[PDB]
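The chain that follows stands alone, in the form deposited without this ligand, written as structure tokens.
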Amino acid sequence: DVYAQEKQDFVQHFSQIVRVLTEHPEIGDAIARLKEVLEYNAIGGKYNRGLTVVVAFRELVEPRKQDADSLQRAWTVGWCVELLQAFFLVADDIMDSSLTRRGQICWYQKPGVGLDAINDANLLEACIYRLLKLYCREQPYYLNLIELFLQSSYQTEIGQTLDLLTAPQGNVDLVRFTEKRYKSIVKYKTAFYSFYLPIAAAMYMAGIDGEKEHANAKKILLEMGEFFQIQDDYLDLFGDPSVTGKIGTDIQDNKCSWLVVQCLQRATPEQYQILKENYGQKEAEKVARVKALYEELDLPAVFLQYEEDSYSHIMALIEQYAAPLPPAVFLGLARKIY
């Protein structure tokens, strides 16, 4: 598996990223806080999004054009995608009242950090553009990349807004939890930046900036991102917490989860009341009653059937829209999420 091999060489390159970013002695203490933010928050995940930049790059560029510099730009931009992710996560864990992330306590829960994490998160964002300028400003794709990262921020932040507006704290919400609202939320908050962004960045770096091709790519990747978020929702409640590295909050947080959307579609009137009285509250007793209703409605089996139908669907889409890009570009990614 192309992702599996590249992982260590990609992780290995992180020391250089920090080196170039953490280097005006007056702001010395600030750069030391930045490194500390980077070490804690950019490391520990699976790196699928940044690896996608490196894997798609190798697969799109002609070997005779994969020199040292060209390859260094590729994994620098992969690390830019990782930085964007770290930024999103640090801020989202505050807003979601999360406890752990990637197998350690959330950055904003660390004694001595707190709501300072808000500035820490935005520093991670700033680092993307620091890196693009340091390594890509003389490439013809400089502006394309800047605009693509900026639009991705906007996209996810618009998605996050939908997320929060559909999960008002303290408000029985069930009427809002529809398939159509769910699909919108995750298209913007997850699918664009987790799937379109890294393939698109690699495309631009390869000189593939045709609109039709990006649209065809996008068509594949947004549907992959939709399943990816549905899987995240499933894992929030039903995943092994020692594998996911994070504790679920969706029920307590009144989130428009794929699970609750599927519950409302299958719930008897009597079961709908169970949901209405227990969802979106902090009481452990009430959360557990939601989980029992899901398991009683066999949502774990409904997720299982959905993952296989969705897989076949993405596969159909790759056959439709991959050309002229190599199929492996999307099969590598799809293999890593299914």
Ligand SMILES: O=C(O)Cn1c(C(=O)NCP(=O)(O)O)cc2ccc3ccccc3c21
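Whichever C-alpha set is largest while still superposing within 1.5 Å between the two forms counts as the rigid core. From 1 onward, residues are counted along the sequence shown.
Trainee: Can you tell me how many deposited residues have no coordinates between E23 and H24? The categories are none, 1 to 3, 4 to 9, and 10 or more.
Mentor: According to the record, 4 to 9 deposited residues lack coordinates from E23 to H24.
Trainee: What stretch has the higher average Cα B-factor here, 191 to 199 or 165 to 173?
Mentor: According to the PDB entry, the answer is 165 to 173.
Trainee: Can you tell me whether 267 to 275 has a higher mean C-alpha B factor than 51 to 59 in this record, or the other way round?
Mentor: Mean CA B-factor is higher for 267 to 275.
Trainee: If I read the C-alpha B-factors straight from the PDB entry, which of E157, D232, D92, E211 is highest?
Mentor: Answer for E157, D232, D92, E211: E211, with the highest C-alpha B-factor.
Trainee: Which third of the chain holds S310 when residues are ordered by C-alpha B factor: lowest, middle or highest?
Mentor: Its C-alpha B-factor, which the entry lists for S310, ranks in the middle third among residues of this chain.
Trainee: Comparing against every modelled residue in the chain, figure out the third that the C-alpha B-factor of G248 lands in (lowest, middle or highest).
Mentor: Middle third.
Trainee: Which third of the chain does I128 land in by C-alpha B-factor: lowest, middle or highest?
Mentor: According to the entry, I128 has a C-alpha B-factor in the chain's lowest third.
Trainee: Considering every modelled residue of the chain and its Cα B-factor in the PDB entry, is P300 in the lowest, middle or highest third?
Mentor: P300: CA B-factor falls in the highest third of its chain.
Trainee: Against its chain's modelled residues, does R73's Cα B factor rank lowest, middle or highest third?
Mentor: Its C-alpha B-factor belongs to the middle third of this chain's values.
Beyond the structure shown, there is the form deposited with this ligand bound, which is absent from this document and is the topic of what follows.
Trainee: For the form shown, open or blocked once this ligand is overlaid as positioned in the bound PDB entry, with the cut-off of 3 or more ligand atoms within 2.4 Å of backbone or C-beta atoms?
Mentor: In the bound PDB entry, this ligand occupies a site that, on this form, turns out blocked once the ligand is superposed onto it.
Trainee: Please run the contact check for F228 against this ligand in the bound PDB entry: heavy atoms, 4.5 angstroms, yes or no?
Mentor: Because a heavy atom of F228 falls inside 4.5 Å of this ligand in the bound PDB entry, the answer is yes.
Trainee: Check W258 for me: does it contact this ligand in the bound PDB entry (non-hydrogen atoms, 4.5 angstroms)?
Mentor: Although this ligand is absent here, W258 would stay clear of it in the bound PDB entry, with no heavy atoms inside 4.5 Å.
Trainee: Even though this ligand is not shown here, does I337 get within 4.5 Å of it in the bound PDB entry, heavy atoms only?
Mentor: Flag for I337 set to yes.
Trainee: Please tell me whether any heavy atom belonging to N48 falls inside 4.5 Å of a heavy atom of this ligand, as the geometry stands in the bound PDB entry.
Mentor: So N48 counts as contacting this ligand.
Trainee: If contact means any heavy atom within 4.5 Å, which of 68 to 76, 142 to 150, 188 to 196, 170 to 178 contacts this ligand in the bound PDB entry?
Mentor: The contacting stretch is 188 to 196.
Trainee: Against the rigid core, is the Cα displacement of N48 between the shown form and the other one at least 2 Å?
Mentor: No, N48 moves less than 2 Å.
Trainee: Taking the rigid core as reference, does the Cα of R266 move 2 Å or more between the shown form and the other one?
Mentor: Moves: yes, 2 Å or greater.
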